[PDB]
2 protein chains.
Amino acid sequence: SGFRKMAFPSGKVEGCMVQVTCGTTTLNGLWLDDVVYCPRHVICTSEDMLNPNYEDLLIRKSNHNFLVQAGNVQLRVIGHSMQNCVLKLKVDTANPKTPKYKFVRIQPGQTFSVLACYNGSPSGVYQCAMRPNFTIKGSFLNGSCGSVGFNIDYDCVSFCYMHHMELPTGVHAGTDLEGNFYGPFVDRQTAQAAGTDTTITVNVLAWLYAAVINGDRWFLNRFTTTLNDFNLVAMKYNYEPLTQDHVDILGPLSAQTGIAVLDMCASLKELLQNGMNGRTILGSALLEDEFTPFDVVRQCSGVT
Amino acid sequence: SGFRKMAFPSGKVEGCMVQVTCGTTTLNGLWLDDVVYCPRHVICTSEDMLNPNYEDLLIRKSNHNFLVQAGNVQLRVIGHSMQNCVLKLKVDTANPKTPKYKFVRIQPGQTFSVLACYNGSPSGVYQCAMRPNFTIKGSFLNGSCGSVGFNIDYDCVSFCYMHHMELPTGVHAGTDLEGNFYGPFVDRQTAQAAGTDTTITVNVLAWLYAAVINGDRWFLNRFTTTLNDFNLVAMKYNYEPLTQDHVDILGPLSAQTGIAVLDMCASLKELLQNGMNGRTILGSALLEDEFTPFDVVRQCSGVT
Ligand SMILES: Cc1ccncc1NC(=O)C[C@H](c1ccsc1)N1CCC(O)CC1
Ligand SMILES: Cc1ccncc1NC(=O)C[C@H](c1ccsc1)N1CCC(O)CC1
């Protein structure tokens, strides 16, 4: 009973967080095996944040300029390299707390947990989604760079995000663990506007199925629709188009509740057209889109 | 930038979770030092869940009947006792991962993180609040009993909740770590209706200050009010009365934003009277009450 925005347990990731300092800038690093991953903007000065040439700035840096501290103990840096927008600091000690891990590049719509950190210390954990405009609506202050996003599959942590930038509109941009930014964002203090923040339709449907499983059923109507009819409505409301792939992924939720996907689309269509009329669904007065069909199944079944 | 429902990092608590089995019932235990804490209803049979006499049922149990497993290794039970609605299983080994800890009994309005567990394994972490009717709106399935609620102050975990029951209305009831239920709830399969779920006014105000700090300012009006006038409005909308103690606790947020507490009360008064008019605040279409003034300060300052 109940449905909450739930994050993965953060323990496995807390054991990886370290502090990285270069000159006067301190941010967070991710220590996995004998490598510490951190945003390359740790090497940047204030007078050159507008147009930094990272290859040129990195030439002035040596192994001893990267100060890596794990808890209150210093790690010895024996190598450093730049991979896209991340630095990889080879240390002389493998992290004894290295969990089983993978690096994955997620697609928009996919959710993940963020372990927000400052000075290599965790402050909190929250659930996020890669928005369709490749931003994330996080909670990050100065010093949070290098904090990571991840998913967990039993004992394996799939790292998907590393925090790099705050856009002038208070939304967030970052990279996968290969240093490639999600979206068109660049690690420089320049005008970077985000595109349309559309709603993740498949996630809203999954959340409506979670609502039905938990007893919130007022929004269920006597209607049905087609993928094409639904998508005309979705386009009007800045919702992502629904594909047959999305219909297939919602299959288990459709099977559990006995509500066909296209019937749930018709319910969503009426909620978009009429609003909630001051009513709520799973304690929300808006349509939640940061639960994937996988998250709903996981939470509703109790996967550990 | 940004404001999220954030949980404490769960690592310190994950290292305490164990599985406790008595007969055919398996639930979660909290292993701190050489004691495992778990709900006493682990000893109950199905044919006696209506009116169990726990003292009498416990007489038929011995140390060897409580199976405690930490990871995949079995703990040896050398003593057992009942303290209110929790059992304390003395084991022969101190938990090597025991964090610094305290047991606290929280008041309604206070928030905490829950590490939901099944079979002694963590499934997720989410943020909760002790409702004014002493229930919690959690996300718990069968097998989640013994999962705990907690707050963290740097290196010290203050355990405040242990999950025991699901009420017929899908809300949750449990105890502090001394085994005393929050509210009037009892650990038996009987009719237990919850009282009025009123809104935690001081928390809503704190969240409105967080909204102002993060740029959502449309709701700020040209008005002010008094504690007495505000409280008449709060009573009408099933909001908890605001006291001078609450005004004092909001002081730091008032000082940071330059918005007097009574002016923020007047803004809240107009939001209650007029609604949001299809607008949102910190991505919510309703007034959020599960952030305390302390949580807002913590998140907005970056405490680790
Ligand atoms: C400030 C912040 C808040 C929340 N999340 C992230 C950040 N950091 C940034 O956006 C990085 C950026 C940068 C550094 C090197 S090249 C570009 N940033 C440094 C801080 C500075 O005040 C203004 C530029
Ligand atoms: C089922 C559940 C879901 C979410 N959170 C908690 C629970 N468990 C309970 O409410 C405990 C209760 C009990 C056991 C011993 S005396 C009373 N409960 C066992 C399960 C049973 O089906 C019906 C009674």
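Residues numbered from 1 in each chain as written, not as in the entry; some residues may be left out. Chains lettered and ligands numbered in written order. Heavy atoms only, no water.

- Regarding how it was determined, this PDB entry cites X-ray crystallography in its header, along with a resolution of 1.630 Å.

- The name given to chain A in the PDB entry is 3C-like proteinase, and the organism recorded there is Severe acute respiratory syndrome coronavirus 2.
- Here the PDB entry title reads "Group deposition SARS-CoV-2 main protease in complex with inhibitors from the COVID Moonshot -- Crystal Structure of SARS-CoV-2 main protease in complex with PET-SGC-a8a902d9-1 (Mpro-x11225)".

### Notes on the pattern of salt bridges
Okay, so step 1: Tallied over the entire structure, the rule returns 22 salt bridges over all chains.
Okay, so step 2: Between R4 of chain A and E290 of chain B there is a salt bridge; the shortest N-O distance is 2.8 Å. Of this pair, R4 of chain A sits in the segment before α1 (11-14) while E290 of chain B sits in the loop between α7 (261-274) and α8 (293-301), which puts the two residues in different chains. The residues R4 of chain A and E290 of chain B share a single accessibility class, namely buried.
Okay, so step 3: With its nearest N and O atoms 2.6 Å apart, the salt bridge here joins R131 of chain B to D289 of chain B. Residue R131 of chain B is located in the loop between β10 (121-129) and β11 (148-153), and its partner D289 of chain B is located in the loop between α7 and α8; the two are separated by 158 residues in the primary sequence. We note that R131 of chain B, like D289 of chain B, is buried.
Okay, so step 4: It is possible to trace a salt-bridge network through shared partners that takes in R4 of chain A together with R131, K137, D197, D289 and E290 of chain B. (Salt bridge = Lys/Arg side-chain N within 4 Å of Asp/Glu carboxyl O. Helix = DSSP H or I, 4+ residues; strand = E, 2+ residues; numbered from the N terminus. Buried < 20%, exposed > 50% of the residue type's maximum accessible area, 1.4 Å probe, protein only.)

### Thoughts on unusual backbone geometry
Okay, so step 1: Positive phi is not limited to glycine here, since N119 of chain A has a value of about 55°.
Okay, so step 2: Relative to the elements of secondary structure, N119 of chain A occurs in the loop between β9 (111-118) and β10 (121-129).
Okay, so step 3: Of note in the backbone geometry, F134 of chain B takes a positive phi value of approximately 65° without being a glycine.
Okay, so step 4: Along the chain, the position of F134 of chain B falls in the loop between β10 and β11.
Okay, so step 5: For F134 of chain B, a relative accessible area of 28% corresponds to the partly exposed category.

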